[PDB]
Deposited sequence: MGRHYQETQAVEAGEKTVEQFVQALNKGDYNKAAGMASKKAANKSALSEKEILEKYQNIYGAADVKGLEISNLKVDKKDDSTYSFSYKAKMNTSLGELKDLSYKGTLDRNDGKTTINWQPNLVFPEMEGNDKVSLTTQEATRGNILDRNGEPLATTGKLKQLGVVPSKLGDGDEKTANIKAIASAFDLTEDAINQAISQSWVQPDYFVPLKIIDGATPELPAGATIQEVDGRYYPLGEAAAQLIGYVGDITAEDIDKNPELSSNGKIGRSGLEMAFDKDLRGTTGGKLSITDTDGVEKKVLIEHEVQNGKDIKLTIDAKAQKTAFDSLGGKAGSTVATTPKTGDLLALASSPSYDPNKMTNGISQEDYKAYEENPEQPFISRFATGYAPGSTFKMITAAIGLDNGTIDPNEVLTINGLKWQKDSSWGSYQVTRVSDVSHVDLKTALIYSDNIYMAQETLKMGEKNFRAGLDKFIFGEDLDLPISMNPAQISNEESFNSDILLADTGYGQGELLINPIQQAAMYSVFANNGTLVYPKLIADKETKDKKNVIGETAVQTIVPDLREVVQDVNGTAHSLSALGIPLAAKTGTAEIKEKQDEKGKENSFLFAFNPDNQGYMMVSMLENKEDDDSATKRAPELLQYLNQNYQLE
C-alpha cells in the first residue's frame, strides 16, 4: 500500500489543481483516451472544466472519506465525498467515484465526465440561470410612494425619422416646445459619439402627460427608478446609481445590471431594498433538458420600507422655503414621528438616476448654496431660539427668578471692562426686563447675564441632561451635537454667548427638535423616530414640569403680544407657542401648546433682506395644526 497512498496523493493533486483553477495541470493527470482509461483526450478534458467549472465559478473543493483500493495490478478504484463553492451557493455531500491507472510507478486518473459532477454522463451539459430581483419601495406613513420602481413613460427621437436641414431644424423646434426642453439640447443629444442614424435617443421622462407627438418623436416604456416628490425629498431619500466594477469589487454579490443607492435612505437601506438574486444550476442532456437540479434559489424581491414622513407635509415644507438656503423639520412631539425633513436648495433625483445632461449636472455641482447637503442633519448654532433651554435650566436650579426684573440700558453690554471690546448685543432697548419680557423681545443681554449668574457648573449640569454627544438611532449620517469645541469653555465670554445659542454650539435641526420636545412632554424628552414600526423612546425629567409651565405661557406671548417677535402668526387663528431666533441665519420654533399634536423647527440660512423663517411658516403650520391633533 505505497501504491495505494500514491493513488491518494494523485486524487488530492487533481482536486488541488482544480481549486486553483489550474484546469490544464489537472488535465495533465488523466490517462490516455481509451475505452478502459480516460473517456476524452487531454484538451477535450481541459475544455469541459473551463466551460463548466469556469461557468459556475467552482472553487473551495474539500474532499473527505477518501478511499483508494486495489482492483488489479494496474487499476485502483477510489471514492470520496466533496463539498464545493459555486457562485450560487455551496454544494454539499457529492459522491465522487472513479479509477486510477498504475503504469510503471506513475499514477494517473481514468478521467470520466462524472468527475465534473457526480451524476453526469456522456454528452451531458450544465446550465446556469439567474433571475434578478425588483427593488423595494420607500413609503410615507400613509403608503404613498416616495421611491418606487416600475414602468416609466420615456421620451426620445430618432435622427433619421427627423428630416434633413429643413425639417430636422424645425421638428426640433416642434418637439422642443411640446415638452418644455431646449432646442439646443436636442442637437447635442443626436450628435453624441454613439448615435447611429436609426437609434432611439432618450430625452425626458414624462408622467401622465403624453401629448399628440410630433414627427420623429416616439415614446417607449422603460423600467426605472422613480421619485414621486422629486427634489422635495431628494436629500432624505437619495438616489440610485448604475452599478460599476468598483462596486462589485467591494461587494461581488451584486450583478452588473442592478441599481445601487448612492445617498440618503436609498443607500442606508440598500440591502433590504435590493433583495436577493435568484438562480439555478442544472445538469442537462446534450440538448439542455434538465436531468438533475443541483442548486435552486428562488428570487426574493426587495422589502418595502415605511417611514413616518407625511408626503404632503414634506412637499409643503420644502416649497415654503422658496428655493432659498434652509431646512425645515416637523414632528409629532409626543412620539417622535418625523413628518418632514426638508432641505433647500435641492436637485432633481429623477435625472441623476435616469439621465441628466452634462449641463444640468454642472449646475448642481458648482452651485454655492450646495444642494446635495442634507441641511436637516448639518450642525449649526441653534441661535437665540436656544434661550428657552437656558431659561428652563435657570428655573430648575433656582438661579432664575421669573419675576426678578433686570435693568438694561442700550443695545450693548459686558460683564466688566476686562472683556475688552466683546459685547453682548440685543435688538430692543427695553429697560425693565424679567423673564417673560426677555423671551418676547429676544433679549440676549438678559440671558447672557442669567448664565454668568448660574455658572458653568450649573449650566452643564442642565445641558448634560439632554443628548449632547449622543448618536441618534436613525438611518441618517450626522455628527452628534456639541456644546463647544472642547470639554469646558475656559471663557466667561464663551459661557455667555452660549447661554443664548451662539458660541461653539452645534446642534442639527433634527437634534434641536429633540431637545425642544421637552416643552411638549412636561420635561420628558422624546427621541426622533423615522421608521414607522419602531417603538417610542424617552428620557424622563430632563427639565422640570414647573420650568415648562412657566415658559410655555411666555412662548404663547411671543405670538400673541404685539411686540412678540412672531406676532405675524397671530393672524392665523391657531394655537401656537413659539420662539424665534437669529445666529451670526434666521430660526423659528413652534408647536401647538393646546394639544401637543405637532412641533416644527425651521431655518433660513443667510437670510435675505427682511426674509425670515417666520414669514414662511404659515402654510405648513395651517396644515400641521389641522391634521395633527
Ranges missing from the model, given as deposited sequence positions = 1 to 7, 592 to 602, 648 to 649
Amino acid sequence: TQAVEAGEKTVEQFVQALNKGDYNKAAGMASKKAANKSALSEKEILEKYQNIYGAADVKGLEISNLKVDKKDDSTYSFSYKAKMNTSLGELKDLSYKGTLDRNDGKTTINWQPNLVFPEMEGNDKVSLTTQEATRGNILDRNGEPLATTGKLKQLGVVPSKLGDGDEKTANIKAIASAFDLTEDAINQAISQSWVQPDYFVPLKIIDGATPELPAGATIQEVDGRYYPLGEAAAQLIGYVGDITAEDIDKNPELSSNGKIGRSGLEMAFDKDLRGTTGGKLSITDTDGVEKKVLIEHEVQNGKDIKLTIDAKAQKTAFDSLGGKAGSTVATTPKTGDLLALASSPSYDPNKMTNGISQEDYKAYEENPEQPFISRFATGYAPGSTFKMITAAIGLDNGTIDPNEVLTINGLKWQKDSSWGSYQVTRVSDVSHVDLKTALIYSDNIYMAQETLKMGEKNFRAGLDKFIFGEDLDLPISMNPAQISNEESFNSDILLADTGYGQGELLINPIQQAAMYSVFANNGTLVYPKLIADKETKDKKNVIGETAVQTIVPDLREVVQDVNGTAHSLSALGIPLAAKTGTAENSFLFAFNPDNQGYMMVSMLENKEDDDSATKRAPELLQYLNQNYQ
From here on, numbers count along this sequence of modelled residues.
Out of 183 to 191 and 484 to 492, which stretch has the higher average CA B-factor listed in the record?
-> 183 to 191
Mean Cα B-factor check, 242 to 250 vs 169 to 177, entry values; winner is 169 to 177
For the C-alpha B-factor as written in the entry, point me to the maximum among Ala377, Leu338, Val222, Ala520.
-> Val222
Between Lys306, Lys529, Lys436, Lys153, which carries the biggest CA temperature factor in the record?
-> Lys153
Sorting the chain's CA B-factors, does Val58 end up in the lowest, middle or highest third?
-> middle
Taking the C-alpha B-factors as the PDB entry records them, is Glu605 in the lowest, middle or highest third of its chain?
-> highest
Going by the recorded CA B-factors, say which third of the chain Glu12 sits in, lowest, middle or highest.
-> middle
Taking the values exactly as deposited, rank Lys48 by C-alpha B-factor within its chain and report the matching third: lowest, middle or highest.
-> highest
Of the three thirds of its chain by CA temperature factor, lowest, middle or highest, which one includes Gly501?
-> middle
